[PDB]
file input.cif (mmCIF, N, CA and C atoms)
data_query
#
loop_
_atom_site.label_atom_id
_atom_site.label_comp_id
_atom_site.auth_asym_id
_atom_site.auth_seq_id
_atom_site.Cartn_x
_atom_site.Cartn_y
_atom_site.Cartn_z
N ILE A 172 -67.60 105.45 26.84
CA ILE A 172 -67.63 105.47 25.38
C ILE A 172 -68.95 104.90 24.86
N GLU A 173 -69.52 103.91 25.54
CA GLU A 173 -70.80 103.36 25.12
C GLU A 173 -71.90 104.41 25.20
N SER A 174 -71.93 105.18 26.29
CA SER A 174 -72.92 106.26 26.37
C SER A 174 -72.72 107.27 25.26
N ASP A 175 -71.46 107.59 24.95
CA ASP A 175 -71.17 108.52 23.86
C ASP A 175 -71.69 107.98 22.53
N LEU A 176 -71.50 106.68 22.29
CA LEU A 176 -72.00 106.06 21.07
C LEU A 176 -73.51 106.15 20.98
N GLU A 177 -74.20 105.90 22.09
CA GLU A 177 -75.66 106.00 22.08
C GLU A 177 -76.11 107.42 21.70
N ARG A 178 -75.45 108.43 22.28
CA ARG A 178 -75.81 109.81 21.96
C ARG A 178 -75.57 110.11 20.48
N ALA A 179 -74.44 109.65 19.94
CA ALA A 179 -74.18 109.87 18.52
C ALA A 179 -75.24 109.21 17.65
N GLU A 180 -75.64 107.99 18.00
CA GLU A 180 -76.66 107.29 17.23
C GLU A 180 -77.98 108.05 17.22
N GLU A 181 -78.41 108.52 18.39
CA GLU A 181 -79.70 109.21 18.43
C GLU A 181 -79.65 110.53 17.66
N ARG A 182 -78.52 111.25 17.74
CA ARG A 182 -78.40 112.48 16.95
C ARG A 182 -78.48 112.19 15.45
N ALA A 183 -77.80 111.13 15.00
CA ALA A 183 -77.85 110.78 13.59
C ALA A 183 -79.27 110.41 13.16
N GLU A 184 -79.98 109.67 14.01
CA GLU A 184 -81.35 109.28 13.69
C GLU A 184 -82.25 110.50 13.52
N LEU A 185 -82.14 111.46 14.45
CA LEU A 185 -82.96 112.67 14.35
C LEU A 185 -82.64 113.43 13.07
N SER A 186 -81.35 113.57 12.75
CA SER A 186 -80.97 114.30 11.55
C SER A 186 -81.53 113.63 10.30
N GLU A 187 -81.46 112.30 10.24
CA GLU A 187 -81.99 111.59 9.08
C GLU A 187 -83.50 111.76 8.96
N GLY A 188 -84.21 111.74 10.09
CA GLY A 188 -85.65 111.96 10.04
C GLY A 188 -86.01 113.32 9.48
N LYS A 189 -85.32 114.36 9.96
CA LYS A 189 -85.56 115.70 9.43
C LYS A 189 -85.25 115.76 7.94
N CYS A 190 -84.16 115.10 7.52
CA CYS A 190 -83.80 115.08 6.10
C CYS A 190 -84.91 114.46 5.26
N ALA A 191 -85.46 113.34 5.73
CA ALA A 191 -86.54 112.69 4.99
C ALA A 191 -87.76 113.61 4.87
N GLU A 192 -88.12 114.27 5.97
CA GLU A 192 -89.26 115.18 5.92
C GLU A 192 -89.04 116.30 4.91
N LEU A 193 -87.84 116.88 4.91
CA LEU A 193 -87.54 117.95 3.96
C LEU A 193 -87.61 117.45 2.53
N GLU A 194 -87.14 116.22 2.29
CA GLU A 194 -87.23 115.63 0.96
C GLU A 194 -88.68 115.55 0.51
N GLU A 195 -89.56 115.06 1.39
CA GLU A 195 -90.98 114.96 1.02
C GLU A 195 -91.57 116.32 0.69
N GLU A 196 -91.27 117.32 1.53
CA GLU A 196 -91.81 118.66 1.30
C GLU A 196 -91.34 119.22 -0.04
N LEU A 197 -90.05 119.08 -0.35
CA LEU A 197 -89.54 119.60 -1.61
C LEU A 197 -90.19 118.89 -2.79
N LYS A 198 -90.38 117.58 -2.69
CA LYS A 198 -91.05 116.84 -3.76
C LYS A 198 -92.44 117.41 -4.02
N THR A 199 -93.22 117.59 -2.95
CA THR A 199 -94.58 118.09 -3.12
C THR A 199 -94.59 119.46 -3.79
N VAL A 200 -93.77 120.38 -3.28
CA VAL A 200 -93.82 121.75 -3.78
C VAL A 200 -93.33 121.81 -5.23
N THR A 201 -92.32 121.00 -5.58
CA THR A 201 -91.85 120.98 -6.96
C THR A 201 -92.92 120.45 -7.90
N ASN A 202 -93.67 119.43 -7.47
CA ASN A 202 -94.78 118.96 -8.29
C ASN A 202 -95.81 120.07 -8.50
N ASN A 203 -96.10 120.83 -7.44
CA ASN A 203 -97.02 121.95 -7.57
C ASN A 203 -96.51 122.96 -8.60
N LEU A 204 -95.21 123.27 -8.54
CA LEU A 204 -94.64 124.23 -9.48
C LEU A 204 -94.78 123.75 -10.92
N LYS A 205 -94.49 122.46 -11.16
CA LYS A 205 -94.61 121.92 -12.51
C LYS A 205 -96.05 122.04 -13.02
N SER A 206 -97.02 121.66 -12.18
CA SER A 206 -98.41 121.74 -12.60
C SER A 206 -98.82 123.18 -12.92
N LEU A 207 -98.42 124.12 -12.06
CA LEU A 207 -98.78 125.51 -12.29
C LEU A 207 -98.14 126.06 -13.56
N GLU A 208 -96.91 125.65 -13.86
CA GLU A 208 -96.26 126.12 -15.08
C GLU A 208 -97.00 125.61 -16.32
N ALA A 209 -97.41 124.34 -16.31
CA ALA A 209 -98.19 123.83 -17.43
C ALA A 209 -99.50 124.61 -17.58
N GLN A 210 -100.17 124.89 -16.46
CA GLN A 210 -101.41 125.65 -16.52
C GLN A 210 -101.17 127.04 -17.09
N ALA A 211 -100.06 127.69 -16.71
CA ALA A 211 -99.77 129.03 -17.22
C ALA A 211 -99.54 129.03 -18.72
N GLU A 212 -98.82 128.03 -19.24
CA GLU A 212 -98.63 127.93 -20.68
C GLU A 212 -99.97 127.79 -21.40
N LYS A 213 -100.81 126.87 -20.92
CA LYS A 213 -102.14 126.72 -21.52
C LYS A 213 -102.94 128.01 -21.45
N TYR A 214 -102.78 128.76 -20.36
CA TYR A 214 -103.53 130.00 -20.19
C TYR A 214 -103.08 131.07 -21.18
N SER A 215 -101.77 131.16 -21.44
CA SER A 215 -101.30 132.09 -22.46
C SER A 215 -101.89 131.75 -23.82
N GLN A 216 -101.89 130.46 -24.17
CA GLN A 216 -102.48 130.06 -25.44
C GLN A 216 -103.97 130.42 -25.51
N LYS A 217 -104.69 130.16 -24.42
CA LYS A 217 -106.12 130.49 -24.38
C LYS A 217 -106.35 131.98 -24.51
N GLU A 218 -105.50 132.79 -23.89
CA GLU A 218 -105.63 134.24 -23.98
C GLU A 218 -105.46 134.73 -25.41
N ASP A 219 -104.45 134.19 -26.11
CA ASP A 219 -104.29 134.57 -27.52
C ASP A 219 -105.51 134.18 -28.34
N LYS A 220 -106.04 132.97 -28.10
CA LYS A 220 -107.23 132.53 -28.82
C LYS A 220 -108.41 133.45 -28.55
N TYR A 221 -108.59 133.86 -27.30
CA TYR A 221 -109.70 134.73 -26.94
C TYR A 221 -109.58 136.09 -27.61
N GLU A 222 -108.37 136.64 -27.68
CA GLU A 222 -108.20 137.92 -28.37
C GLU A 222 -108.53 137.79 -29.85
N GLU A 223 -108.10 136.69 -30.48
CA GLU A 223 -108.47 136.47 -31.88
C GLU A 223 -109.98 136.41 -32.05
N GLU A 224 -110.66 135.70 -31.14
CA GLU A 224 -112.12 135.61 -31.20
C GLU A 224 -112.76 136.98 -31.06
N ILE A 225 -112.24 137.81 -30.15
CA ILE A 225 -112.77 139.16 -29.98
C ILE A 225 -112.67 139.94 -31.28
N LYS A 226 -111.50 139.88 -31.92
CA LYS A 226 -111.31 140.62 -33.16
C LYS A 226 -112.29 140.17 -34.24
N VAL A 227 -112.39 138.85 -34.46
CA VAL A 227 -113.23 138.36 -35.55
C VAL A 227 -114.70 138.68 -35.29
N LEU A 228 -115.15 138.51 -34.05
CA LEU A 228 -116.55 138.78 -33.76
C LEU A 228 -116.87 140.27 -33.86
N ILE B 172 -66.01 99.81 20.13
CA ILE B 172 -67.05 100.79 20.45
C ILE B 172 -66.61 102.19 20.05
N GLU B 173 -65.35 102.53 20.31
CA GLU B 173 -64.85 103.86 19.96
C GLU B 173 -64.92 104.10 18.46
N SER B 174 -64.49 103.11 17.67
CA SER B 174 -64.56 103.28 16.22
C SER B 174 -66.01 103.47 15.75
N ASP B 175 -66.93 102.67 16.31
CA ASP B 175 -68.33 102.80 15.92
C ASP B 175 -68.89 104.18 16.27
N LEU B 176 -68.54 104.69 17.46
CA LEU B 176 -68.99 106.01 17.86
C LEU B 176 -68.49 107.09 16.90
N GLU B 177 -67.22 107.02 16.52
CA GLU B 177 -66.69 108.00 15.58
C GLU B 177 -67.44 107.97 14.26
N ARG B 178 -67.69 106.76 13.73
CA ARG B 178 -68.41 106.66 12.46
C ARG B 178 -69.82 107.21 12.58
N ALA B 179 -70.50 106.93 13.70
CA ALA B 179 -71.86 107.43 13.89
C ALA B 179 -71.89 108.95 13.91
N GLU B 180 -70.94 109.57 14.62
CA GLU B 180 -70.93 111.03 14.68
C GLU B 180 -70.67 111.64 13.30
N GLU B 181 -69.77 111.04 12.52
CA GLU B 181 -69.54 111.53 11.16
C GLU B 181 -70.81 111.44 10.32
N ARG B 182 -71.53 110.31 10.44
CA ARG B 182 -72.80 110.17 9.73
C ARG B 182 -73.77 111.28 10.12
N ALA B 183 -73.85 111.60 11.42
CA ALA B 183 -74.76 112.64 11.87
C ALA B 183 -74.40 114.00 11.27
N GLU B 184 -73.10 114.31 11.21
CA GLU B 184 -72.68 115.57 10.60
C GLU B 184 -73.09 115.64 9.13
N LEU B 185 -72.89 114.54 8.39
CA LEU B 185 -73.28 114.52 6.98
C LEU B 185 -74.78 114.75 6.83
N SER B 186 -75.58 114.09 7.67
CA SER B 186 -77.02 114.26 7.60
C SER B 186 -77.44 115.69 7.90
N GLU B 187 -76.77 116.34 8.85
CA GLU B 187 -77.09 117.74 9.14
C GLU B 187 -76.80 118.64 7.94
N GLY B 188 -75.67 118.42 7.27
CA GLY B 188 -75.38 119.20 6.08
C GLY B 188 -76.45 119.02 5.01
N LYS B 189 -76.85 117.77 4.78
CA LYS B 189 -77.92 117.50 3.81
C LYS B 189 -79.20 118.22 4.20
N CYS B 190 -79.54 118.22 5.49
CA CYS B 190 -80.76 118.89 5.93
C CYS B 190 -80.71 120.39 5.65
N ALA B 191 -79.56 121.02 5.89
CA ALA B 191 -79.43 122.44 5.60
C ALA B 191 -79.67 122.72 4.12
N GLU B 192 -79.05 121.92 3.26
CA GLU B 192 -79.24 122.12 1.82
C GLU B 192 -80.71 121.96 1.43
N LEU B 193 -81.38 120.96 2.01
CA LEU B 193 -82.79 120.75 1.72
C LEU B 193 -83.64 121.94 2.15
N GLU B 194 -83.32 122.52 3.31
CA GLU B 194 -84.04 123.72 3.75
C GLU B 194 -83.92 124.83 2.71
N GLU B 195 -82.70 125.06 2.22
CA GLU B 195 -82.49 126.09 1.21
C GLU B 195 -83.36 125.83 -0.02
N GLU B 196 -83.33 124.59 -0.52
CA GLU B 196 -84.12 124.26 -1.70
C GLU B 196 -85.60 124.50 -1.46
N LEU B 197 -86.10 124.08 -0.30
CA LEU B 197 -87.52 124.22 0.00
C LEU B 197 -87.94 125.68 -0.02
N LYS B 198 -87.16 126.55 0.62
CA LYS B 198 -87.53 127.96 0.64
C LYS B 198 -87.53 128.56 -0.76
N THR B 199 -86.52 128.24 -1.57
CA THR B 199 -86.47 128.77 -2.93
C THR B 199 -87.70 128.35 -3.73
N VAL B 200 -88.03 127.06 -3.69
CA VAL B 200 -89.16 126.57 -4.47
C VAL B 200 -90.46 127.17 -3.96
N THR B 201 -90.58 127.39 -2.65
CA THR B 201 -91.78 128.01 -2.11
C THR B 201 -91.98 129.41 -2.68
N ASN B 202 -90.89 130.19 -2.73
CA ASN B 202 -90.99 131.53 -3.30
C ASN B 202 -91.42 131.48 -4.77
N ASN B 203 -90.82 130.56 -5.54
CA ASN B 203 -91.19 130.45 -6.95
C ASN B 203 -92.66 130.08 -7.11
N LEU B 204 -93.15 129.17 -6.26
CA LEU B 204 -94.55 128.76 -6.34
C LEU B 204 -95.48 129.93 -6.05
N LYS B 205 -95.15 130.76 -5.05
CA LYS B 205 -95.99 131.92 -4.77
C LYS B 205 -96.04 132.86 -5.96
N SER B 206 -94.88 133.11 -6.59
CA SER B 206 -94.85 134.00 -7.75
C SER B 206 -95.75 133.46 -8.87
N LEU B 207 -95.65 132.16 -9.15
CA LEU B 207 -96.49 131.60 -10.20
C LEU B 207 -97.97 131.58 -9.83
N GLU B 208 -98.30 131.46 -8.54
CA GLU B 208 -99.70 131.57 -8.14
C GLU B 208 -100.26 132.96 -8.45
N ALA B 209 -99.48 134.00 -8.16
CA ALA B 209 -99.91 135.35 -8.53
C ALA B 209 -100.09 135.48 -10.04
N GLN B 210 -99.15 134.92 -10.80
CA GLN B 210 -99.26 134.98 -12.26
C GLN B 210 -100.55 134.31 -12.75
N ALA B 211 -100.86 133.14 -12.18
CA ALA B 211 -102.08 132.43 -12.57
C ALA B 211 -103.33 133.23 -12.20
N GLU B 212 -103.31 133.93 -11.07
CA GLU B 212 -104.45 134.77 -10.73
C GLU B 212 -104.65 135.87 -11.77
N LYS B 213 -103.55 136.48 -12.23
CA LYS B 213 -103.66 137.47 -13.30
C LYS B 213 -104.25 136.85 -14.57
N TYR B 214 -103.79 135.64 -14.91
CA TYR B 214 -104.37 134.90 -16.03
C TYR B 214 -105.88 134.76 -15.88
N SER B 215 -106.33 134.39 -14.68
CA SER B 215 -107.76 134.20 -14.44
C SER B 215 -108.54 135.48 -14.67
N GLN B 216 -108.02 136.60 -14.17
CA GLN B 216 -108.71 137.88 -14.37
C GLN B 216 -108.81 138.23 -15.85
N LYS B 217 -107.71 138.02 -16.59
CA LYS B 217 -107.73 138.28 -18.03
C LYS B 217 -108.81 137.44 -18.72
N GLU B 218 -108.88 136.16 -18.36
CA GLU B 218 -109.87 135.28 -18.96
C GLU B 218 -111.29 135.75 -18.65
N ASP B 219 -111.53 136.18 -17.41
CA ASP B 219 -112.86 136.67 -17.06
C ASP B 219 -113.26 137.84 -17.94
N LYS B 220 -112.36 138.82 -18.09
CA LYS B 220 -112.69 139.98 -18.91
C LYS B 220 -112.94 139.59 -20.36
N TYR B 221 -112.10 138.70 -20.91
CA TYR B 221 -112.29 138.27 -22.29
C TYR B 221 -113.62 137.56 -22.48
N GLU B 222 -114.00 136.71 -21.52
CA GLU B 222 -115.28 136.01 -21.60
C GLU B 222 -116.44 136.99 -21.62
N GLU B 223 -116.39 138.00 -20.74
CA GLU B 223 -117.46 138.99 -20.70
C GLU B 223 -117.58 139.72 -22.03
N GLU B 224 -116.44 140.14 -22.59
CA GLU B 224 -116.49 140.85 -23.87
C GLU B 224 -117.02 139.96 -24.98
N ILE B 225 -116.65 138.67 -24.96
CA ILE B 225 -117.15 137.74 -25.96
C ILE B 225 -118.67 137.64 -25.88
N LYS B 226 -119.20 137.54 -24.66
CA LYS B 226 -120.65 137.47 -24.49
C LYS B 226 -121.33 138.71 -25.06
N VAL B 227 -120.77 139.89 -24.76
CA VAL B 227 -121.37 141.13 -25.24
C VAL B 227 -121.38 141.16 -26.77
N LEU B 228 -120.26 140.79 -27.39
CA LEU B 228 -120.18 140.82 -28.85
C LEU B 228 -121.16 139.84 -29.48
#
call {"tool": "encode", "arguments": {"input": "input.cif", "output": "structure tokens"}}
result
Amino acid sequence: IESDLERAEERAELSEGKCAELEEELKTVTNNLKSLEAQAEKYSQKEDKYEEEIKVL
Amino acid sequence: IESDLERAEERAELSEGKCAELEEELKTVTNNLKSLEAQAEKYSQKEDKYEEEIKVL
């Protein structure tokens, strides 16, 4: 039973490590998505401004 | 020892489930990020053309 307990412990440790890595990856990619969405909104506004400038000039 | 082993194995199962869910989230967010990268590239091309026309005018 002691050997069985050791095996269970090591499996749990590996699973937790993988979970932590996945958490970090998701955090990074979600931050990237947020930044890109803000940039896209600003770009739409800039595009409208540029079209207005084209018309007036 | 037997009780501790049972609890450890249950913990490992829970961690594995969490890892699977995290994998799903990561893949979904990755796809969304790629789509928005393409959108931003289109934004960049539009801005380039508008800038050129502004210069000409």
call {"tool": "interface_residues", "arguments": {"input": "input.cif", "of": "chain B", "to": "chain A", "cutoff": "7 Å", "atoms": "all atoms listed in the file", "output": "PyMOL selection string"}}
result
chain B and resi 172-173+175-177+179-180+182-184+186-187+189-190+193-194+196-197+200-201+203-204+207+210-211+214+217-218+221+224-225+228
call {"tool": "calpha_fit_and_write", "arguments": {"input": "input.cif", "fixed": "chain A", "moving": "chain B", "output": "short mmCIF file (atom, residue, chain, number, x, y, z; two decimals) with N, CA and C atoms, in the frame of the given file"}}
result
data_model
loop_
_atom_site.label_atom_id
_atom_site.label_comp_id
_atom_site.auth_asym_id
_atom_site.auth_seq_id
_atom_site.Cartn_x
_atom_site.Cartn_y
_atom_site.Cartn_z
N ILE B 172 -66.82 109.53 27.18
CA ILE B 172 -66.76 109.37 25.73
C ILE B 172 -67.89 108.47 25.24
N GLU B 173 -68.15 107.39 25.96
CA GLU B 173 -69.22 106.47 25.56
C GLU B 173 -70.57 107.16 25.55
N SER B 174 -70.86 107.93 26.60
CA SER B 174 -72.14 108.64 26.63
C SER B 174 -72.26 109.63 25.46
N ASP B 175 -71.17 110.36 25.18
CA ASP B 175 -71.20 111.31 24.08
C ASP B 175 -71.44 110.61 22.74
N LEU B 176 -70.78 109.46 22.53
CA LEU B 176 -70.97 108.71 21.31
C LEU B 176 -72.42 108.27 21.14
N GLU B 177 -73.03 107.77 22.21
CA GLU B 177 -74.43 107.36 22.12
C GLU B 177 -75.33 108.52 21.74
N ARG B 178 -75.12 109.69 22.38
CA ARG B 178 -75.95 110.85 22.05
C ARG B 178 -75.76 111.28 20.61
N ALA B 179 -74.51 111.25 20.11
CA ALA B 179 -74.25 111.64 18.73
C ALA B 179 -74.97 110.72 17.75
N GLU B 180 -74.91 109.41 18.00
CA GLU B 180 -75.58 108.48 17.09
C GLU B 180 -77.09 108.69 17.08
N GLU B 181 -77.68 108.95 18.25
CA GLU B 181 -79.12 109.24 18.30
C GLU B 181 -79.45 110.48 17.49
N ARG B 182 -78.62 111.53 17.63
CA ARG B 182 -78.82 112.74 16.84
C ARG B 182 -78.79 112.43 15.34
N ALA B 183 -77.84 111.59 14.91
CA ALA B 183 -77.74 111.25 13.50
C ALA B 183 -78.99 110.53 13.01
N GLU B 184 -79.52 109.61 13.82
CA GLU B 184 -80.75 108.92 13.43
C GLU B 184 -81.91 109.90 13.26
N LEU B 185 -82.04 110.85 14.20
CA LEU B 185 -83.12 111.84 14.10
C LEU B 185 -82.97 112.66 12.82
N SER B 186 -81.75 113.08 12.51
CA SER B 186 -81.52 113.86 11.31
C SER B 186 -81.86 113.08 10.05
N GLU B 187 -81.55 111.78 10.04
CA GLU B 187 -81.91 110.97 8.87
C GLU B 187 -83.42 110.89 8.69
N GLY B 188 -84.16 110.71 9.78
CA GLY B 188 -85.61 110.70 9.67
C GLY B 188 -86.14 112.01 9.10
N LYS B 189 -85.63 113.13 9.61
CA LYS B 189 -86.04 114.44 9.08
C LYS B 189 -85.74 114.54 7.60
N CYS B 190 -84.57 114.06 7.17
CA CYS B 190 -84.22 114.13 5.75
C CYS B 190 -85.19 113.34 4.89
N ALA B 191 -85.59 112.15 5.35
CA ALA B 191 -86.56 111.36 4.59
C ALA B 191 -87.87 112.12 4.43
N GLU B 192 -88.36 112.70 5.52
CA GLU B 192 -89.61 113.46 5.44
C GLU B 192 -89.49 114.63 4.46
N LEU B 193 -88.34 115.32 4.49
CA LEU B 193 -88.13 116.43 3.58
C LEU B 193 -88.13 115.98 2.13
N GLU B 194 -87.52 114.82 1.86
CA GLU B 194 -87.56 114.28 0.49
C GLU B 194 -89.00 114.08 0.03
N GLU B 195 -89.83 113.49 0.88
CA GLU B 195 -91.22 113.27 0.53
C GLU B 195 -91.91 114.60 0.19
N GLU B 196 -91.73 115.60 1.05
CA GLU B 196 -92.36 116.90 0.81
C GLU B 196 -91.90 117.49 -0.51
N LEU B 197 -90.59 117.42 -0.78
CA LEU B 197 -90.05 118.01 -2.00
C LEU B 197 -90.67 117.38 -3.24
N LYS B 198 -90.76 116.05 -3.27
CA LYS B 198 -91.33 115.40 -4.44
C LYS B 198 -92.79 115.78 -4.63
N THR B 199 -93.57 115.81 -3.55
CA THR B 199 -94.98 116.18 -3.66
C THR B 199 -95.13 117.59 -4.24
N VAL B 200 -94.39 118.55 -3.69
CA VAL B 200 -94.52 119.92 -4.15
C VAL B 200 -94.05 120.05 -5.59
N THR B 201 -93.03 119.29 -5.99
CA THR B 201 -92.58 119.33 -7.37
C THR B 201 -93.68 118.90 -8.33
N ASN B 202 -94.38 117.81 -7.98
CA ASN B 202 -95.48 117.36 -8.82
C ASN B 202 -96.58 118.42 -8.92
N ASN B 203 -96.93 119.04 -7.79
CA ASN B 203 -97.96 120.07 -7.82
C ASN B 203 -97.54 121.25 -8.69
N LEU B 204 -96.26 121.64 -8.61
CA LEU B 204 -95.78 122.75 -9.42
C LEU B 204 -95.87 122.43 -10.90
N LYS B 205 -95.52 121.20 -11.30
CA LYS B 205 -95.63 120.84 -12.71
C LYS B 205 -97.07 120.93 -13.18
N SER B 206 -98.01 120.43 -12.36
CA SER B 206 -99.42 120.49 -12.75
C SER B 206 -99.87 121.94 -12.95
N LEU B 207 -99.50 122.82 -12.03
CA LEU B 207 -99.89 124.22 -12.18
C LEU B 207 -99.20 124.90 -13.36
N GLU B 208 -97.98 124.48 -13.70
CA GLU B 208 -97.34 125.03 -14.90
C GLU B 208 -98.13 124.67 -16.16
N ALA B 209 -98.59 123.43 -16.25
CA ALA B 209 -99.45 123.06 -17.38
C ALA B 209 -100.73 123.89 -17.40
N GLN B 210 -101.33 124.08 -16.23
CA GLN B 210 -102.55 124.88 -16.16
C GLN B 210 -102.31 126.31 -16.67
N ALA B 211 -101.19 126.90 -16.25
CA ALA B 211 -100.86 128.26 -16.69
C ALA B 211 -100.62 128.31 -18.20
N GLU B 212 -100.02 127.27 -18.77
CA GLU B 212 -99.85 127.25 -20.21
C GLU B 212 -101.21 127.25 -20.92
N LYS B 213 -102.17 126.48 -20.40
CA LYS B 213 -103.52 126.51 -20.96
C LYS B 213 -104.13 127.91 -20.86
N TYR B 214 -103.94 128.56 -19.71
CA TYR B 214 -104.37 129.94 -19.54
C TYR B 214 -103.79 130.84 -20.63
N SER B 215 -102.50 130.69 -20.90
CA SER B 215 -101.84 131.52 -21.91
C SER B 215 -102.46 131.32 -23.29
N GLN B 216 -102.71 130.06 -23.65
CA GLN B 216 -103.33 129.79 -24.96
C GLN B 216 -104.71 130.43 -25.06
N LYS B 217 -105.51 130.30 -23.99
CA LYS B 217 -106.83 130.92 -23.98
C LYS B 217 -106.73 132.44 -24.19
N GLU B 218 -105.79 133.07 -23.49
CA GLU B 218 -105.61 134.50 -23.62
C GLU B 218 -105.22 134.89 -25.05
N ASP B 219 -104.33 134.11 -25.66
CA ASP B 219 -103.94 134.40 -27.04
C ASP B 219 -105.14 134.39 -27.96
N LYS B 220 -105.97 133.35 -27.86
CA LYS B 220 -107.14 133.27 -28.74
C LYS B 220 -108.10 134.43 -28.50
N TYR B 221 -108.34 134.77 -27.22
CA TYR B 221 -109.23 135.88 -26.92
C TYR B 221 -108.71 137.19 -27.47
N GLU B 222 -107.40 137.42 -27.35
CA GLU B 222 -106.80 138.64 -27.89
C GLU B 222 -107.00 138.74 -29.39
N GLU B 223 -106.77 137.63 -30.10
CA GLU B 223 -106.94 137.63 -31.55
C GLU B 223 -108.38 137.96 -31.92
N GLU B 224 -109.34 137.34 -31.24
CA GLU B 224 -110.74 137.62 -31.55
C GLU B 224 -111.10 139.06 -31.26
N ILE B 225 -110.55 139.62 -30.17
CA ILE B 225 -110.81 141.01 -29.84
C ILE B 225 -110.31 141.92 -30.95
N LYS B 226 -109.11 141.65 -31.46
CA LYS B 226 -108.56 142.45 -32.55
C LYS B 226 -109.47 142.40 -33.77
N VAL B 227 -109.93 141.19 -34.12
CA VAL B 227 -110.79 141.04 -35.30
C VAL B 227 -112.08 141.84 -35.12
N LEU B 228 -112.70 141.74 -33.95
CA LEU B 228 -113.96 142.45 -33.72
C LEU B 228 -113.76 143.96 -33.77
#
call {"tool": "atom_distance", "arguments": {"input": "input.cif", "atom1": "CA of residue 206 (chain A)", "atom2": "CA of residue 209 (chain B)"}}
result
14.3 Å
call {"tool": "atom_distance", "arguments": {"input": "input.cif", "atom1": "atom C of residue 223 (chain A)", "atom2": "CA of residue 216 (chain B)"}}
result
17.8 Å
